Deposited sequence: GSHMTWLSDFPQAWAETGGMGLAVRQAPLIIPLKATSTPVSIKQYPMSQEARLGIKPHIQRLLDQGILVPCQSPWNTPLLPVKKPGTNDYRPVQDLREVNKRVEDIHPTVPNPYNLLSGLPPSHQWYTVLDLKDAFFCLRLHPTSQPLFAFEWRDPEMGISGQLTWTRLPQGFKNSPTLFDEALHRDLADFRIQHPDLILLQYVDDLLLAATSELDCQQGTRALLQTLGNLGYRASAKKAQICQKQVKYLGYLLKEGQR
């Protein structure tokens, strides 16, 4: 089984990821920025009870930690509840970086007709695999209370932060550089957390996929076994249907 053969590589069996080779990220501020503390709009009990289990899981996982910070941004009061942080005022104060993630159209142009056997993997909770340096953690604080009050913040690259997709894409590229060198006859397309591996034959695709899963797992990333498309001549990738070299 693809599952049993690579327990470490799958989110379902390997536990929450952590990119062990990647240094905790420091997030540079713009030259003139100072902290902004935005009050939390009062949240209804219904919303709070909805969000609570997610917050607790993240705390248990060490992805959230208590803190006291001069920064504060709101969680959405209406957000099937899940916590969404409005990081816009933080984003405005963070120094911009060059956008290096290719658009899907251009990314797909690197797929040759010679390689028509596909594996598509998506990494689960990808941003959370990247640690934030403790110096940058306070930037992302928000308020949490459970009547029956303090701030929490993220110890990993957060959702809603303007640079997360680019920083993740760049980190995974660094981590997969050797894989590319070891497998010169495979095509690997990276779009943040969405990966396409393409091979000349079913066999090469099988061996390539084994090697990619082993590598991802070893590095601390986790792919979704449920959504995995393995060694197919027809796959869905980035909203396209990849079929016989078309699209």
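*Asks:* Where does the model have holes with respect to the deposited sequence?
*Replies:* Missing C-alpha atoms (numbering from 1) occur across the ranges 1-4, 84-88, 158-160.
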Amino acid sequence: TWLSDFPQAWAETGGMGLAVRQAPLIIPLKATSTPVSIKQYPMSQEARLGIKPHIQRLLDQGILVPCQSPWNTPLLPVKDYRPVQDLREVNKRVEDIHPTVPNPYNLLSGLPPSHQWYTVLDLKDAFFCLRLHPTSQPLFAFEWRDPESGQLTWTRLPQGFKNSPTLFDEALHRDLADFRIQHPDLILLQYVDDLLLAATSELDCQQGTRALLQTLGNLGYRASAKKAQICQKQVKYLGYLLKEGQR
From here on, numbers count along this sequence of modelled residues.
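Take the two forms, find the largest set of C-alpha atoms that superpose within 1.5 Å, and that set is the rigid core.
*Asks:* Superpose by the rigid core: which stretch, 153-161 or 100-108, shows more Cα shift in 9 other deposited structures of this protein?
*Replies:* Result of the core-fitted comparison in 9 other deposited structures of this protein: 100-108 deviates more.
*Asks:* Between 195-203 and 43-51, pick out the one whose C-alpha positions differ more from the shown form in 9 other deposited structures of this protein, using the rigid core for superposition.
*Replies:* Looking at 43-51 and 195-203 in 9 other deposited structures of this protein, the bigger mover is 43-51.
*Asks:* Averaging the C-alpha B factors as listed in the entry, name the stretch that ends up higher: 97-105 or 164-172.
*Replies:* The stretch with the larger mean CA B-factor is 97-105.
*Asks:* Could you settle it for me: does 200-208 or 39-47 have the higher average Cα B factor in the PDB entry?
*Replies:* That would be 200-208.
*Asks:* In terms of CA temperature factor as recorded, identify the highest of 55, 186, 63, 31.
*Replies:* If I rank 55, 186, 63, 31 by C-alpha B-factor, first place goes to 186.
*Asks:* According to the Cα B-factor stored in this entry, which of the following is highest: 223, 20, 231, 25?
*Replies:* Checking the PDB record, the top C-alpha B-factor among 223, 20, 231, 25 is at 231.
*Asks:* Relative to the other modelled residues of the same chain, rank the CA B-factor of residue 192 and answer lowest, middle or highest third.
*Replies:* Bottom third by C-alpha B-factor.
*Asks:* Quick check on the deposited entry: does the C-alpha B-factor of residue 81 sit in the lowest, middle or highest third of its chain?
*Replies:* Highest third.
*Asks:* Compared with the other modelled residues in the chain, in which third is the CA B-factor of residue 118?
*Replies:* It belongs to the highest third of the chain when residues are ordered by C-alpha B-factor.
*Asks:* Once the chain's modelled residues are ordered by C-alpha B factor and cut into thirds, is residue 111 in the lowest, middle or highest one?
*Replies:* Highest third - that is where residue 111 ends up once the chain's C-alpha B-factors are sorted.
*Asks:* When the deposited Cα B-factors of this chain's modelled residues are ordered and cut into thirds, is residue 88 in the lowest, the middle or the highest one?
*Replies:* Bottom third by C-alpha B-factor.
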